[PDB]
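**Student:** This is the content of upload.txt (compact mmCIF, C-alpha atoms):
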# COMPACT_ATOMS: atom_id res chain seq x y z
CA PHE A 856 79.14 178.93 96.12
CA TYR A 857 78.30 178.80 99.74
CA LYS A 858 78.68 182.25 101.38
CA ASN A 859 76.78 184.31 98.86
CA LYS A 860 74.10 181.71 97.97
CA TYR A 861 73.49 178.04 98.17
CA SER A 862 70.68 177.90 95.63
CA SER A 863 66.97 178.71 95.32
CA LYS A 864 66.68 180.78 98.47
CA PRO A 865 62.92 182.00 98.62
CA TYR A 866 60.49 179.42 100.07
CA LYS A 867 57.12 179.74 101.81
CA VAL A 868 57.67 178.63 105.37
CA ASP A 869 54.92 178.01 107.84
CA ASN A 870 54.31 178.86 111.46
CA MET A 871 56.22 176.82 114.05
CA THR A 872 58.97 175.02 112.09
CA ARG A 873 62.72 174.95 112.44
CA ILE A 874 63.60 178.68 112.00
CA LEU A 875 67.07 179.87 112.77
CA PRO A 876 68.48 183.20 113.75
CA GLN A 877 69.54 183.81 110.14
CA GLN A 878 66.23 182.78 108.52
CA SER A 879 64.32 184.82 111.12
CA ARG A 880 65.58 188.09 109.62
CA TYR A 881 63.87 187.50 106.39
CA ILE A 882 60.40 186.68 107.66
CA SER A 883 57.60 188.94 106.38
CA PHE A 884 53.93 188.30 107.20
CA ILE A 885 51.79 189.39 104.27
CA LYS A 886 49.80 192.42 105.45
CA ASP A 887 47.26 191.77 102.85
CA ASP A 888 46.32 188.45 104.62
CA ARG A 889 44.40 187.67 107.96
CA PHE A 890 47.27 186.83 110.40
CA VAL A 891 49.61 189.69 111.22
CA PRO A 892 51.41 190.52 114.49
CA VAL A 893 49.57 192.51 117.06
CA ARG A 894 52.45 194.95 117.00
CA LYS A 895 55.09 194.05 114.41
CA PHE A 896 57.25 190.94 113.85
CA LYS A 897 60.46 190.97 115.99
CA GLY A 898 62.70 189.56 113.32
CA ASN A 899 64.17 186.89 115.71
CA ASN A 900 63.11 183.79 117.64
CA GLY A 901 60.46 183.43 120.43
CA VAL A 902 56.69 183.39 120.96
CA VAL A 903 54.80 185.96 118.79
CA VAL A 904 51.10 186.63 118.78
CA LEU A 905 49.30 187.47 115.58
CA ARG A 906 45.96 189.42 115.59
CA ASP A 907 43.17 187.59 113.71
CA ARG A 908 40.74 189.82 111.60
CA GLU A 909 37.83 187.28 111.55
CA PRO A 910 37.68 184.15 113.74
CA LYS A 911 34.08 183.20 112.35
CA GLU A 912 35.70 182.00 109.16
CA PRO A 913 37.45 178.56 109.72
CA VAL A 914 41.23 178.37 109.56
CA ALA A 915 43.52 175.44 109.75
CA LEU A 916 45.13 174.95 113.20
CA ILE A 917 47.45 172.71 114.98
CA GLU A 918 46.07 171.24 118.29
CA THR A 919 48.17 171.54 121.53
CA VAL A 920 49.45 168.92 123.90
CA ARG A 921 47.17 170.62 126.59
CA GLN A 922 43.98 169.41 124.87
CA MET A 923 45.26 165.89 124.07
CA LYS A 924 46.66 164.83 127.48
CA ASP A 925 43.92 165.72 130.02
CA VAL B 7 30.50 148.56 133.74
CA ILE B 8 31.33 151.73 132.11
CA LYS B 9 32.36 154.79 134.12
CA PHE B 10 33.22 158.33 133.21
CA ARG B 11 33.70 161.66 134.92
CA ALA B 12 30.30 163.48 135.47
CA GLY B 13 28.88 166.26 137.73
CA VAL B 14 25.39 166.56 139.06
CA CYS B 15 23.16 169.11 137.30
CA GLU B 16 20.05 171.24 138.11
CA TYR B 17 17.19 171.00 135.78
CA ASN B 18 14.50 173.37 134.59
CA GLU B 19 11.06 173.17 133.12
CA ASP B 20 11.03 176.91 133.53
CA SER B 21 12.29 177.65 129.96
CA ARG B 22 14.33 174.49 129.67
CA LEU B 23 17.77 176.13 130.29
CA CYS B 24 19.13 173.59 132.73
CA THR B 25 21.86 175.65 134.62
CA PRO B 26 24.68 173.27 135.98
CA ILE B 27 26.07 173.29 139.42
CA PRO B 28 29.44 172.04 138.26
CA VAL B 29 30.88 169.60 141.04
CA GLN B 30 33.19 166.73 140.49
CA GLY B 31 32.50 163.06 140.53
CA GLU B 32 32.08 159.87 138.40
CA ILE B 33 28.98 158.42 136.82
CA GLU B 34 28.79 154.71 137.11
CA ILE B 35 26.62 153.19 134.51
CA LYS B 36 25.77 149.49 134.83
CA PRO B 37 25.08 147.33 131.77
CA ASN B 38 22.69 145.07 133.85
CA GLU B 39 20.72 142.24 132.37
CA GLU B 40 17.23 143.86 132.96
CA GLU B 41 14.98 143.74 129.83
CA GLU B 42 15.75 143.96 126.19
CA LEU B 43 14.87 147.65 125.84
CA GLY B 44 15.62 150.68 127.98
CA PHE B 45 16.56 149.92 131.69
CA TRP B 46 20.03 151.17 132.23
CA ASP B 47 20.84 152.11 135.83
CA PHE B 48 22.24 155.68 135.98
CA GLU B 49 23.83 155.94 139.52
CA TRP B 50 25.85 159.11 140.22
CA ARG B 51 28.60 159.39 142.87
CA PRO B 52 30.61 162.44 144.02
CA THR B 53 34.46 162.26 144.39
CA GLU B 54 35.20 165.87 145.04
CA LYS B 55 33.68 169.42 145.40
CA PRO B 56 30.89 169.10 148.06
CA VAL B 57 30.11 172.76 147.22
CA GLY B 58 26.86 173.40 145.36
CA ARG B 59 24.12 170.75 145.53
CA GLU B 60 25.01 167.06 145.93
CA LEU B 61 23.16 163.88 144.85
CA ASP B 62 23.71 160.69 146.97
CA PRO B 63 23.27 157.42 145.01
CA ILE B 64 20.03 156.89 143.15
CA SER B 65 19.45 154.44 140.46
CA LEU B 66 17.52 155.91 137.57
CA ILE B 67 16.17 153.69 134.88
CA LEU B 68 16.13 154.44 131.17
CA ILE B 69 12.45 154.90 130.58
CA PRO B 70 11.67 154.87 126.75
CA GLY B 71 8.95 157.60 125.76
CA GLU B 72 9.66 159.89 128.65
CA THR B 73 13.50 160.25 128.36
CA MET B 74 14.90 162.38 125.56
CA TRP B 75 18.38 163.50 124.92
CA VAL B 76 19.75 166.41 123.15
CA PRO B 77 23.16 167.97 123.87
CA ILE B 78 22.14 171.65 123.71
CA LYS B 79 19.12 172.79 125.53
CA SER B 80 20.53 176.24 125.94
CA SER B 81 23.98 176.60 124.25
CA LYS B 82 25.51 177.94 127.38
CA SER B 83 26.84 174.40 128.05
CA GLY B 84 27.32 171.25 126.07
CA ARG B 85 28.18 167.62 127.05
CA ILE B 86 24.69 167.35 128.65
CA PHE B 87 23.15 163.88 129.20
CA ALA B 88 19.45 164.43 129.94
CA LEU B 89 17.14 162.10 131.61
CA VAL B 90 13.69 163.49 131.32
CA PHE B 91 11.18 161.99 133.79
CA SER B 92 8.62 164.81 134.12
CA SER B 93 9.76 165.67 137.64
CA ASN B 94 8.72 162.28 139.08
CA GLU B 95 12.41 161.49 139.72
CA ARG B 96 14.05 163.97 137.37
CA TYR B 97 17.75 164.82 137.74
CA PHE B 98 20.09 165.91 134.97
CA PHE B 99 23.81 165.21 134.58
CA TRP B 100 26.65 167.18 133.13
CA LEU B 101 29.50 165.13 131.72
CA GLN B 102 32.96 166.21 132.51
CA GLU B 103 34.84 163.70 130.38
CA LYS B 104 38.51 164.70 130.16
CA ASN B 105 39.77 164.48 126.61
CA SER B 106 39.98 168.31 125.90
CA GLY B 107 39.47 169.48 129.57
CA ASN B 108 36.56 169.59 132.04
CA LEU B 109 35.26 172.80 130.27
CA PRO B 110 32.03 172.20 128.30
CA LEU B 111 32.16 171.81 124.56
CA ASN B 112 28.90 171.99 122.50
CA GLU B 113 27.58 168.94 120.57
CA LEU B 114 29.18 166.82 123.29
CA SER B 115 32.88 166.00 123.53
CA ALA B 116 35.80 166.25 121.12
CA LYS B 117 35.90 162.49 120.66
CA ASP B 118 32.53 162.64 118.87
CA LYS B 119 32.13 159.12 117.42
CA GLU B 120 32.99 157.39 120.70
CA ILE B 121 30.37 159.30 122.85
CA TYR B 122 27.66 159.23 120.14
CA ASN B 123 27.33 155.44 119.92
CA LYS B 124 26.41 155.31 123.61
CA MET B 125 23.96 158.07 123.68
CA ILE B 126 21.89 156.61 120.79
CA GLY B 127 22.47 153.07 122.12
CA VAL B 128 20.86 153.34 125.57
CA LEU B 129 17.51 154.38 123.96
CA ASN B 130 17.53 151.67 121.26
CA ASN B 131 18.70 148.44 122.87
CA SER B 132 20.02 146.91 126.17
CA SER B 133 22.21 144.01 127.28
Mind turning this structure into structure tokens?
**Tutor:**
Amino acid sequence: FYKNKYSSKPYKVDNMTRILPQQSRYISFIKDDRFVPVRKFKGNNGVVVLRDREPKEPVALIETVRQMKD
Amino acid sequence: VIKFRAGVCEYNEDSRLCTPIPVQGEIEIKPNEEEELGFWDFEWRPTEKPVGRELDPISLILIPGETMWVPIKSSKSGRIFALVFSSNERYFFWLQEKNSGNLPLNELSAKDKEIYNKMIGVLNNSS
């Protein structure tokens, strides 16, 4: 099939990857975990900001081009 | 001859806080030939920001048993390179090495291994 399904549709998908308008609908942050939107997820593309419960605890990050190039 | 961004800094024996006066310039450190221990000429030069205090060129020698380094002396700033001379020619410097910005980062820069070799190395040996 193609329209209904195209096989094995749930995956765990990280922050800042190729995410399309279709795929963006189905995003749910777990609200039992640290990172959740300040408001609520907008269900479409663009920059979203997530409120962090505890910054003292380490978390894994990605470093920006701003730090690297100056 | 090894050169890096640095500002001049104000020292304290008052409680050993060492509050910077940020500036902009380059430190020029010369590898010399003088001795076989200590004796590295720390000459500081401004490039920009004449505001705050300024230090015209002064060579400062690495004096073993009077000069001690640590990067935090207060934890209000990091990237400090301290030349302790008991106020007989004392001046302090605040590195501003761009690799992560000119903002201070504690326990020196974010290119740890590269800055660390130098800092230990000036005390130990010479060219």
**Student:** Excluding residue 903 of chain A and residues on its chain fewer than 6 positions from it, collect all residues at most 10 Å away from it, counting all atoms listed in the file, and give them as a ChimeraX atom specification.
**Tutor:** /A:891-897
**Student:** Should the cut-off be 8 Å, what would the residue list for chain A against chain B look like, counting all atoms listed in the file, as number ranges by chain?
**Tutor:** A: 921-925
**Student:** Please save C-alpha atoms of the selected residues as an mmCIF file, keeping the file's coordinate frame.
**Tutor:**
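Once everything was written out, this is again.cif:
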data_model
loop_
_atom_site.group_PDB
_atom_site.id
_atom_site.type_symbol
_atom_site.label_atom_id
_atom_site.label_comp_id
_atom_site.auth_asym_id
_atom_site.auth_seq_id
_atom_site.Cartn_x
_atom_site.Cartn_y
_atom_site.Cartn_z
ATOM 1 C CA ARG A 921 47.170 170.620 126.590
ATOM 2 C CA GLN A 922 43.980 169.410 124.870
ATOM 3 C CA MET A 923 45.260 165.890 124.070
ATOM 4 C CA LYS A 924 46.660 164.830 127.480
ATOM 5 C CA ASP A 925 43.920 165.720 130.020
#
**Student:** Would you compute the distance between atom CA of residue 72 of chain B and atom CA of residue 89 of chain B? Give it in Å to one decimal.
**Tutor:**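 Those two atoms sit 8.3 Å apart.
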**Student:** Find the residue from A:920, A:882, A:911, A:857 that sits nearest to residue 869 of chain A; use all atoms listed in the file when measuring.
**Tutor:**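 Using all atoms listed in the file, the shortest distance to residue 869 of chain A belongs to A:882.
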**Student:** What is the distance between atom CA of residue 53 of chain B and atom CA of residue 20 of chain B, in Å to one decimal?
**Tutor:**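 Going from atom CA of residue 53 of chain B over to atom CA of residue 20 of chain B, I get 29.7 Å.
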**Student:** Find, counting only C-alpha atoms, the residue in B:76, B:128, B:101, B:68 that gets nearest to residue 11 of chain B.
**Tutor:**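 Of B:76, B:128, B:101, B:68, the one nearest residue 11 of chain B, counting only C-alpha atoms, is B:101.
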**Student:** Could you list as a tab-separated table (two decimals) with C-alpha atoms, keeping the file's coordinate frame every residue that has an atom within 7 Å of (59.9, 183.0, 113.7), using the file's coordinates and counting all atoms listed in the file?
**Tutor:**
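Output below, filename selection_12.tsv:
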chain	number	residue	atom	x	y	z
A	874	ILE	CA	63.60	178.68	112.00
A	879	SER	CA	64.32	184.82	111.12
A	899	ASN	CA	64.17	186.89	115.71
A	900	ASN	CA	63.11	183.79	117.64
A	901	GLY	CA	60.46	183.43	120.43
**Student:** Can you tell me how far atom CA of residue 7 of chain B sits from atom CA of residue 34 of chain B, in Å to one decimal?
**Tutor:** 7.2 Å
**Student:** Need the shell around segment 124-127 of chain B: protein/DNA/RNA residues with any atom at most 12 Å away, counting only C-alpha atoms. Skip same-chain ones fewer than 5 positions apart. Format as a PDB file with C-alpha atoms, keeping the file's coordinate frame?
**Tutor:**
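Contents of part38.pdb, freshly written:
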ATOM      1  CA  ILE B   8      31.330 151.730 132.110  1.00  0.00           C
ATOM      2  CA  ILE B  35      26.620 153.190 134.510  1.00  0.00           C
ATOM      3  CA  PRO B  37      25.080 147.330 131.770  1.00  0.00           C
ATOM      4  CA  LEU B  43      14.870 147.650 125.840  1.00  0.00           C
ATOM      5  CA  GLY B  44      15.620 150.680 127.980  1.00  0.00           C
ATOM      6  CA  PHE B  45      16.560 149.920 131.690  1.00  0.00           C
ATOM      7  CA  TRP B  46      20.030 151.170 132.230  1.00  0.00           C
ATOM      8  CA  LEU B  68      16.130 154.440 131.170  1.00  0.00           C
ATOM      9  CA  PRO B  70      11.670 154.870 126.750  1.00  0.00           C
ATOM     10  CA  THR B  73      13.500 160.250 128.360  1.00  0.00           C
ATOM     11  CA  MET B  74      14.900 162.380 125.560  1.00  0.00           C
ATOM     12  CA  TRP B  75      18.380 163.500 124.920  1.00  0.00           C
ATOM     13  CA  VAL B  76      19.750 166.410 123.150  1.00  0.00           C
ATOM     14  CA  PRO B  77      23.160 167.970 123.870  1.00  0.00           C
ATOM     15  CA  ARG B  85      28.180 167.620 127.050  1.00  0.00           C
ATOM     16  CA  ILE B  86      24.690 167.350 128.650  1.00  0.00           C
ATOM     17  CA  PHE B  87      23.150 163.880 129.200  1.00  0.00           C
ATOM     18  CA  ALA B  88      19.450 164.430 129.940  1.00  0.00           C
ATOM     19  CA  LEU B  89      17.140 162.100 131.610  1.00  0.00           C
ATOM     20  CA  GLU B 113      27.580 168.940 120.570  1.00  0.00           C
ATOM     21  CA  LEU B 114      29.180 166.820 123.290  1.00  0.00           C
ATOM     22  CA  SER B 115      32.880 166.000 123.530  1.00  0.00           C
ATOM     23  CA  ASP B 118      32.530 162.640 118.870  1.00  0.00           C
ATOM     24  CA  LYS B 119      32.130 159.120 117.420  1.00  0.00           C
ATOM     25  CA  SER B 132      20.020 146.910 126.170  1.00  0.00           C
ATOM     26  CA  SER B 133      22.210 144.010 127.280  1.00  0.00           C
TER      27      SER B 133
END
**Student:** Please report, as JSON, the centre and edge lengths in Å to one decimal of an axis-aligned box covering all listed atoms of segment 857-867 of chain A with 4 Å per side.
**Tutor:**
{"center_x": 67.9, "center_y": 181.1, "center_z": 98.6, "size_x": 29.6, "size_y": 14.4, "size_z": 14.5}
**Student:** Tell me which protein, DNA and RNA residues are within 10 Å of residue 64 of chain B, counting only C-alpha atoms, leaving out same-chain ones fewer than 2 positions away, and put them as a PyMOL selection string.
**Tutor:** chain B and resi 47-51+61-62+66-67+95+97
**Student:** Give me a file of those residues, with C-alpha atoms, as a PDB file, keeping the file's coordinate frame.
**Tutor:**
ATOM      1  CA  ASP B  47      20.840 152.110 135.830  1.00  0.00           C
ATOM      2  CA  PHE B  48      22.240 155.680 135.980  1.00  0.00           C
ATOM      3  CA  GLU B  49      23.830 155.940 139.520  1.00  0.00           C
ATOM      4  CA  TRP B  50      25.850 159.110 140.220  1.00  0.00           C
ATOM      5  CA  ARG B  51      28.600 159.390 142.870  1.00  0.00           C
ATOM      6  CA  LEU B  61      23.160 163.880 144.850  1.00  0.00           C
ATOM      7  CA  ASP B  62      23.710 160.690 146.970  1.00  0.00           C
ATOM      8  CA  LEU B  66      17.520 155.910 137.570  1.00  0.00           C
ATOM      9  CA  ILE B  67      16.170 153.690 134.880  1.00  0.00           C
ATOM     10  CA  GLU B  95      12.410 161.490 139.720  1.00  0.00           C
ATOM     11  CA  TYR B  97      17.750 164.820 137.740  1.00  0.00           C
TER      12      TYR B  97
END
**Student:** Which one is closest to residue 90 of chain B: B:69, B:63, B:102, B:27? Count only C-alpha atoms.
**Tutor:**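 Of all the options, B:69 lies closest to residue 90 of chain B.
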**Student:** Complete segment 869-894 of chain A with N, CA, C and O atoms (output as an mmCIF file, keeping the file's coordinate frame).
**Tutor:**
data_model
loop_
_atom_site.group_PDB
_atom_site.id
_atom_site.type_symbol
_atom_site.label_atom_id
_atom_site.label_comp_id
_atom_site.auth_asym_id
_atom_site.auth_seq_id
_atom_site.Cartn_x
_atom_site.Cartn_y
_atom_site.Cartn_z
ATOM 1 N N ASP A 869 56.090 177.896 106.988
ATOM 2 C CA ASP A 869 54.920 178.010 107.840
ATOM 3 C C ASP A 869 55.293 178.464 109.231
ATOM 4 O O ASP A 869 56.444 178.705 109.512
ATOM 5 N N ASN A 870 54.253 178.564 110.072
ATOM 6 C CA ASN A 870 54.310 178.860 111.460
ATOM 7 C C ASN A 870 54.773 177.588 112.216
ATOM 8 O O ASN A 870 54.202 176.511 111.958
ATOM 9 N N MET A 871 55.705 177.760 113.121
ATOM 10 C CA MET A 871 56.220 176.820 114.050
ATOM 11 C C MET A 871 56.966 175.686 113.454
ATOM 12 O O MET A 871 56.507 174.511 113.613
ATOM 13 N N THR A 872 58.058 175.999 112.703
ATOM 14 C CA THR A 872 58.970 175.020 112.090
ATOM 15 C C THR A 872 60.325 175.479 112.525
ATOM 16 O O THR A 872 60.487 176.531 113.075
ATOM 17 N N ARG A 873 61.323 174.624 112.270
ATOM 18 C CA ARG A 873 62.720 174.950 112.440
ATOM 19 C C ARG A 873 63.174 176.238 111.786
ATOM 20 O O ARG A 873 63.243 176.238 110.534
ATOM 21 N N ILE A 874 63.394 177.363 112.538
ATOM 22 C CA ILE A 874 63.600 178.680 112.000
ATOM 23 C C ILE A 874 64.770 179.168 112.848
ATOM 24 O O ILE A 874 64.641 179.139 114.055
ATOM 25 N N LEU A 875 65.849 179.570 112.167
ATOM 26 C CA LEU A 875 67.070 179.870 112.770
ATOM 27 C C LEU A 875 67.211 181.323 112.828
ATOM 28 O O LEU A 875 66.421 182.055 112.189
ATOM 29 N N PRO A 876 68.249 181.796 113.592
ATOM 30 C CA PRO A 876 68.480 183.200 113.750
ATOM 31 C C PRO A 876 68.658 183.927 112.420
ATOM 32 O O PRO A 876 68.309 185.105 112.312
ATOM 33 N N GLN A 877 69.272 183.243 111.401
ATOM 34 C CA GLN A 877 69.540 183.810 110.140
ATOM 35 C C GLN A 877 68.289 184.064 109.268
ATOM 36 O O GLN A 877 68.121 185.168 108.640
ATOM 37 N N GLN A 878 67.477 182.985 109.197
ATOM 38 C CA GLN A 878 66.230 182.780 108.520
ATOM 39 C C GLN A 878 65.150 183.618 109.073
ATOM 40 O O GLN A 878 64.209 184.095 108.402
ATOM 41 N N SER A 879 65.231 183.967 110.382
ATOM 42 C CA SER A 879 64.320 184.820 111.120
ATOM 43 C C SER A 879 64.287 186.293 110.731
ATOM 44 O O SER A 879 63.262 186.941 110.872
ATOM 45 N N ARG A 880 65.478 186.773 110.226
ATOM 46 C CA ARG A 880 65.580 188.090 109.620
ATOM 47 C C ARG A 880 64.627 188.332 108.471
ATOM 48 O O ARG A 880 64.144 189.443 108.300
ATOM 49 N N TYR A 881 64.457 187.299 107.646
ATOM 50 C CA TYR A 881 63.870 187.500 106.390
ATOM 51 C C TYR A 881 62.396 187.254 106.331
ATOM 52 O O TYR A 881 61.781 187.389 105.244
ATOM 53 N N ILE A 882 61.816 186.889 107.508
ATOM 54 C CA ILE A 882 60.400 186.680 107.660
ATOM 55 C C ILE A 882 59.599 187.947 107.372
ATOM 56 O O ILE A 882 59.930 188.953 107.933
ATOM 57 N N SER A 883 58.542 187.821 106.487
ATOM 58 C CA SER A 883 57.600 188.940 106.380
ATOM 59 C C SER A 883 56.226 188.281 106.331
ATOM 60 O O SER A 883 56.014 187.426 105.431
ATOM 61 N N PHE A 884 55.302 188.734 107.226
ATOM 62 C CA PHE A 884 53.930 188.300 107.200
ATOM 63 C C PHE A 884 53.318 189.098 106.058
ATOM 64 O O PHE A 884 53.863 190.154 105.699
ATOM 65 N N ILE A 885 52.296 188.584 105.338
ATOM 66 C CA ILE A 885 51.790 189.390 104.270
ATOM 67 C C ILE A 885 50.748 190.186 105.044
ATOM 68 O O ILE A 885 50.126 189.629 105.911
ATOM 69 N N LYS A 886 50.675 191.510 104.702
ATOM 70 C CA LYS A 886 49.800 192.420 105.450
ATOM 71 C C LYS A 886 48.508 192.669 104.640
ATOM 72 O O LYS A 886 47.608 193.451 104.967
ATOM 73 N N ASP A 887 48.424 191.895 103.648
ATOM 74 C CA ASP A 887 47.260 191.770 102.850
ATOM 75 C C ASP A 887 46.479 190.482 103.169
ATOM 76 O O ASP A 887 45.447 190.103 102.531
ATOM 77 N N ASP A 888 46.932 189.761 104.200
ATOM 78 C CA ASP A 888 46.320 188.450 104.620
ATOM 79 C C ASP A 888 45.890 188.574 106.159
ATOM 80 O O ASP A 888 46.268 189.460 106.892
ATOM 81 N N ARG A 889 45.028 187.642 106.656
ATOM 82 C CA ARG A 889 44.400 187.670 107.960
ATOM 83 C C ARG A 889 45.350 187.805 109.254
ATOM 84 O O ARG A 889 45.152 188.583 110.167
ATOM 85 N N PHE A 890 46.419 187.014 109.241
ATOM 86 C CA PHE A 890 47.270 186.830 110.400
ATOM 87 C C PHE A 890 48.369 187.734 110.256
ATOM 88 O O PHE A 890 49.129 187.627 109.251
ATOM 89 N N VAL A 891 48.477 188.721 111.202
ATOM 90 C CA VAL A 891 49.610 189.690 111.220
ATOM 91 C C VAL A 891 49.818 189.935 112.697
ATOM 92 O O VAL A 891 48.771 189.883 113.425
ATOM 93 N N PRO A 892 51.065 190.134 113.116
ATOM 94 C CA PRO A 892 51.410 190.520 114.490
ATOM 95 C C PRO A 892 50.614 191.636 115.003
ATOM 96 O O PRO A 892 50.191 192.472 114.227
ATOM 97 N N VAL A 893 50.333 191.581 116.343
ATOM 98 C CA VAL A 893 49.570 192.510 117.060
ATOM 99 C C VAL A 893 50.238 193.905 116.979
ATOM 100 O O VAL A 893 49.655 194.875 116.597
ATOM 101 N N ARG A 894 51.585 193.873 117.221
ATOM 102 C CA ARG A 894 52.450 194.950 117.000
ATOM 103 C C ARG A 894 53.033 194.836 115.649
ATOM 104 O O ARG A 894 52.423 195.113 114.603
#
